[PDB]
Number of protein chains: 2
Amino acid sequence: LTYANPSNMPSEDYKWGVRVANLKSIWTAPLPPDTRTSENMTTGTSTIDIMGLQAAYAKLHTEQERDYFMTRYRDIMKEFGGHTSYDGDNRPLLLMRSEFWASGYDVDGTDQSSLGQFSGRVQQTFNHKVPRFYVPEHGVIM
Amino acid sequence: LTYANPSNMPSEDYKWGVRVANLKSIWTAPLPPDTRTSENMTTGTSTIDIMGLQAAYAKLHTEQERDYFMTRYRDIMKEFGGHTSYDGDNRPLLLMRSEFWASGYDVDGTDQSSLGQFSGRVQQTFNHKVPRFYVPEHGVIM
């Protein structure tokens, strides 16, 4: 999202915020669309290079990995056994994360017409704790 | 060195002796020059034999090994899990081996002109011990 100014983002993207991804299903987490279903190695007319073939496989491997898991530098790095500071790739630092399921209770209708009818009331008490944190430089915590 | 007589070997080869190999570097221990950089398998025009290919790889393997490590019978044998007497391949038997680094000291010049000048003097005491050895047959110990 290379939006320059909020006056550039879709009305509802900046009203309620941009759309997050659905929870992993089979159809809701397809393989990367640019995912190769085949790979050609230009061969000779009546011979193939047994050693070239080998190599062909080594390259496709490196490609496949980038496609499926290391689409991120910080990611192609980690698989090298190294690490990259959130300062190497200018990524906001995730300080804390809370997740929970919100619930509530049903309200029973009791008049002549809506007796046997209910309305679910979702009241969920939650709490989130961001442990003390040392701010290296000036910035915002979102 | 298939020299017949010393009158056949180069002047300096038989004056001071034949040249030994440099100490392993990157450029001083290249891969065998006859080392294959590719290997063709003659394929059909619009099909390859998936099983033939497999085989192709088995042969190249045996070739590659001979090229890199078993250029010697006694060597292609050892990788079979066997052994060959120095009598199987008529090789001189290495009885003892000593290796060391020779050093010395510098001599300080002290006249008007060579005061601040030095000459390195390499005096190295060494010793070599050939443990007792049972001579099976008549021969020379070099």
# chains A, B, ... in the order shown; residues from 1 in each chain; ligands from 1
call {"tool": "closest_atom_pairs", "arguments": {"of": "chain A", "to": "chain B", "cutoff": "12 Å", "atoms": "only C-alpha atoms", "output": "CSV"}}
result
residue,atom,partner,partner_atom,distance
A:43,CA,B:43,CA,9.8
A:44,CA,B:43,CA,8.8
A:45,CA,B:45,CA,6.1
A:46,CA,B:43,CA,4.8
A:47,CA,B:42,CA,4.2
A:48,CA,B:40,CA,5.5
A:49,CA,B:40,CA,4.5
A:50,CA,B:39,CA,5.5
A:51,CA,B:38,CA,5.4
A:52,CA,B:38,CA,6.8
A:53,CA,B:38,CA,9.9
A:54,CA,B:57,CA,10.1
A:55,CA,B:38,CA,10.6
call {"tool": "write_last_selection", "arguments": {"atoms": "C-alpha atoms", "output": "mmCIF file, in the first residue's frame"}}
result
data_model
loop_
_atom_site.group_PDB
_atom_site.id
_atom_site.type_symbol
_atom_site.label_atom_id
_atom_site.label_comp_id
_atom_site.auth_asym_id
_atom_site.auth_seq_id
_atom_site.Cartn_x
_atom_site.Cartn_y
_atom_site.Cartn_z
ATOM 1 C CA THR A 43 17.984 -29.229 -23.637
ATOM 2 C CA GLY A 44 19.913 -30.213 -26.741
ATOM 3 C CA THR A 45 18.040 -31.931 -29.574
ATOM 4 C CA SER A 46 19.346 -35.474 -28.912
ATOM 5 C CA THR A 47 21.074 -35.088 -25.573
ATOM 6 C CA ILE A 48 20.651 -33.639 -22.160
ATOM 7 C CA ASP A 49 23.443 -32.546 -19.826
ATOM 8 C CA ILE A 50 23.185 -34.820 -16.835
ATOM 9 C CA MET A 51 25.201 -32.274 -14.835
ATOM 10 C CA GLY A 52 23.238 -29.255 -16.151
ATOM 11 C CA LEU A 53 20.013 -30.932 -15.111
ATOM 12 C CA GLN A 54 21.395 -31.262 -11.541
ATOM 13 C CA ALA A 55 22.122 -27.576 -11.488
#
call {"tool": "residues_around", "arguments": {"residues": "residue 121 in chain A", "least_positions_apart": "5", "cutoff": "9 Å", "atoms": "only C-alpha atoms", "output": "ChimeraX atom specification"}}
result
/A:103-107
call {"tool": "select_by_dssp", "arguments": {"residues": "chain A", "states": "strand (DSSP E)", "output": "ChimeraX atom specification"}}
result
/A:47-49,105-108,118-121
call {"tool": "atom_distance", "arguments": {"atom1": "CA of residue 92 in chain A", "atom2": "CA of residue 139 in chain A"}}
result
10.5 Å
call {"tool": "residues_around", "arguments": {"residues": "residue 66 in chain A", "least_positions_apart": "5", "cutoff": "9 Å", "atoms": "only C-alpha atoms", "output": "PDB file with N, CA, C and O atoms, in the first residue's frame"}}
result
ATOM      1  N   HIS A  61      15.080 -24.697  -6.800  1.00  0.00           N
ATOM      2  CA  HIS A  61      14.949 -24.821  -5.336  1.00  0.00           C
ATOM      3  C   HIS A  61      14.952 -23.455  -4.672  1.00  0.00           C
ATOM      4  O   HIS A  61      14.050 -23.123  -3.889  1.00  0.00           O
ATOM      5  N   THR A  71       9.577 -14.427   0.849  1.00  0.00           N
ATOM      6  CA  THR A  71       9.199 -13.337  -0.032  1.00  0.00           C
ATOM      7  C   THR A  71       9.742 -12.029   0.577  1.00  0.00           C
ATOM      8  O   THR A  71       9.734 -10.977  -0.071  1.00  0.00           O
ATOM      9  N   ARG A  72      10.224 -12.161   1.820  1.00  0.00           N
ATOM     10  CA  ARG A  72      10.779 -11.037   2.633  1.00  0.00           C
ATOM     11  C   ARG A  72      12.312 -11.212   2.861  1.00  0.00           C
ATOM     12  O   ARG A  72      12.781 -12.304   3.218  1.00  0.00           O
ATOM     13  N   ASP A  75      13.428 -12.492   5.701  1.00  0.00           N
ATOM     14  CA  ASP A  75      13.061 -13.913   5.680  1.00  0.00           C
ATOM     15  C   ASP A  75      14.120 -14.750   4.949  1.00  0.00           C
ATOM     16  O   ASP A  75      14.526 -15.821   5.419  1.00  0.00           O
ATOM     17  N   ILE A  76      14.580 -14.277   3.800  1.00  0.00           N
ATOM     18  CA  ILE A  76      15.608 -15.025   3.049  1.00  0.00           C
ATOM     19  C   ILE A  76      16.908 -15.028   3.848  1.00  0.00           C
ATOM     20  O   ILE A  76      17.825 -15.820   3.584  1.00  0.00           O
TER      21      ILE A  76
END
call {"tool": "select_by_dssp", "arguments": {"residues": "range 30-75 of chain B", "states": "alpha helix (DSSP H)", "output": "list in words"}}
result
residues 50, 51, 52, 53, 54, 55, 56, 57, 58, 59, 60, 61, 62, 63, 64, 65, 66, 67, 68, 73, 74 and 75 of chain B
call {"tool": "write_last_selection", "arguments": {"atoms": "N, CA and C atoms", "output": "PDB file, in the first residue's frame"}}
result
ATOM      1  N   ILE B  50      13.786 -42.348 -18.463  1.00  0.00           N
ATOM      2  CA  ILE B  50      13.804 -42.020 -17.040  1.00  0.00           C
ATOM      3  C   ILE B  50      14.720 -42.988 -16.279  1.00  0.00           C
ATOM      4  N   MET B  51      14.768 -44.216 -16.752  1.00  0.00           N
ATOM      5  CA  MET B  51      15.588 -45.266 -16.126  1.00  0.00           C
ATOM      6  C   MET B  51      17.043 -45.195 -16.631  1.00  0.00           C
ATOM      7  N   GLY B  52      17.192 -44.805 -17.887  1.00  0.00           N
ATOM      8  CA  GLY B  52      18.518 -44.670 -18.526  1.00  0.00           C
ATOM      9  C   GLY B  52      19.283 -43.511 -17.885  1.00  0.00           C
ATOM     10  N   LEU B  53      18.530 -42.466 -17.618  1.00  0.00           N
ATOM     11  CA  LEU B  53      19.056 -41.261 -16.981  1.00  0.00           C
ATOM     12  C   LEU B  53      19.711 -41.658 -15.652  1.00  0.00           C
ATOM     13  N   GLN B  54      18.934 -42.449 -14.857  1.00  0.00           N
ATOM     14  CA  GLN B  54      19.351 -42.927 -13.531  1.00  0.00           C
ATOM     15  C   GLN B  54      20.721 -43.579 -13.622  1.00  0.00           C
ATOM     16  N   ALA B  55      20.808 -44.436 -14.576  1.00  0.00           N
ATOM     17  CA  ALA B  55      22.005 -45.222 -14.874  1.00  0.00           C
ATOM     18  C   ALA B  55      23.204 -44.315 -15.252  1.00  0.00           C
ATOM     19  N   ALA B  56      22.851 -43.308 -16.052  1.00  0.00           N
ATOM     20  CA  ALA B  56      23.781 -42.263 -16.558  1.00  0.00           C
ATOM     21  C   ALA B  56      24.485 -41.665 -15.381  1.00  0.00           C
ATOM     22  N   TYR B  57      23.723 -41.351 -14.347  1.00  0.00           N
ATOM     23  CA  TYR B  57      24.242 -40.788 -13.153  1.00  0.00           C
ATOM     24  C   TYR B  57      25.146 -41.800 -12.446  1.00  0.00           C
ATOM     25  N   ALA B  58      24.739 -43.072 -12.426  1.00  0.00           N
ATOM     26  CA  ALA B  58      25.603 -44.081 -11.735  1.00  0.00           C
ATOM     27  C   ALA B  58      26.963 -44.128 -12.450  1.00  0.00           C
ATOM     28  N   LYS B  59      26.954 -44.175 -13.770  1.00  0.00           N
ATOM     29  CA  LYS B  59      28.281 -44.215 -14.427  1.00  0.00           C
ATOM     30  C   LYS B  59      29.148 -42.973 -14.172  1.00  0.00           C
ATOM     31  N   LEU B  60      28.586 -41.798 -14.314  1.00  0.00           N
ATOM     32  CA  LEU B  60      29.361 -40.557 -14.112  1.00  0.00           C
ATOM     33  C   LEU B  60      30.020 -40.551 -12.721  1.00  0.00           C
ATOM     34  N   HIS B  61      29.301 -41.110 -11.758  1.00  0.00           N
ATOM     35  CA  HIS B  61      29.764 -41.185 -10.358  1.00  0.00           C
ATOM     36  C   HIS B  61      31.095 -41.910 -10.265  1.00  0.00           C
ATOM     37  N   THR B  62      31.090 -43.091 -10.841  1.00  0.00           N
ATOM     38  CA  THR B  62      32.263 -43.960 -10.855  1.00  0.00           C
ATOM     39  C   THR B  62      33.417 -43.251 -11.567  1.00  0.00           C
ATOM     40  N   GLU B  63      33.071 -42.447 -12.552  1.00  0.00           N
ATOM     41  CA  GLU B  63      34.076 -41.712 -13.327  1.00  0.00           C
ATOM     42  C   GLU B  63      34.655 -40.579 -12.488  1.00  0.00           C
ATOM     43  N   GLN B  64      33.757 -39.817 -11.912  1.00  0.00           N
ATOM     44  CA  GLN B  64      34.122 -38.663 -11.092  1.00  0.00           C
ATOM     45  C   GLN B  64      35.053 -39.079  -9.947  1.00  0.00           C
ATOM     46  N   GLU B  65      34.751 -40.202  -9.327  1.00  0.00           N
ATOM     47  CA  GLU B  65      35.552 -40.692  -8.192  1.00  0.00           C
ATOM     48  C   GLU B  65      36.991 -40.993  -8.622  1.00  0.00           C
ATOM     49  N   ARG B  66      37.120 -41.660  -9.746  1.00  0.00           N
ATOM     50  CA  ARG B  66      38.437 -42.015 -10.287  1.00  0.00           C
ATOM     51  C   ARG B  66      39.243 -40.747 -10.578  1.00  0.00           C
ATOM     52  N   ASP B  67      38.542 -39.768 -11.100  1.00  0.00           N
ATOM     53  CA  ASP B  67      39.138 -38.490 -11.504  1.00  0.00           C
ATOM     54  C   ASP B  67      39.686 -37.701 -10.304  1.00  0.00           C
ATOM     55  N   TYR B  68      38.864 -37.587  -9.281  1.00  0.00           N
ATOM     56  CA  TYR B  68      39.181 -36.772  -8.094  1.00  0.00           C
ATOM     57  C   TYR B  68      40.030 -37.494  -7.019  1.00  0.00           C
ATOM     58  N   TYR B  73      45.298 -47.461  -8.605  1.00  0.00           N
ATOM     59  CA  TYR B  73      44.657 -48.807  -8.397  1.00  0.00           C
ATOM     60  C   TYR B  73      44.485 -49.061  -6.927  1.00  0.00           C
ATOM     61  N   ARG B  74      45.606 -48.939  -6.263  1.00  0.00           N
ATOM     62  CA  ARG B  74      45.673 -49.146  -4.832  1.00  0.00           C
ATOM     63  C   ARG B  74      44.634 -48.255  -4.162  1.00  0.00           C
ATOM     64  N   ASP B  75      44.247 -47.214  -4.876  1.00  0.00           N
ATOM     65  CA  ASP B  75      43.264 -46.252  -4.361  1.00  0.00           C
ATOM     66  C   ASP B  75      41.831 -46.686  -4.699  1.00  0.00           C
TER      67      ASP B  75
END
call {"tool": "atom_distance", "arguments": {"atom1": "CA of residue 84 in chain B", "atom2": "CA of residue 99 in chain B"}}
result
26.4 Å
call {"tool": "residues_around", "arguments": {"residues": "range 94-97 of chain A", "least_positions_apart": "3", "cutoff": "10 Å", "atoms": "only C-alpha atoms", "output": "ChimeraX atom specification"}}
result
/A:86,91,128-133,141-142
call {"tool": "atom_distance", "arguments": {"atom1": "CA of residue 123 in chain A", "atom2": "CA of residue 102 in chain A"}}
result
7.0 Å
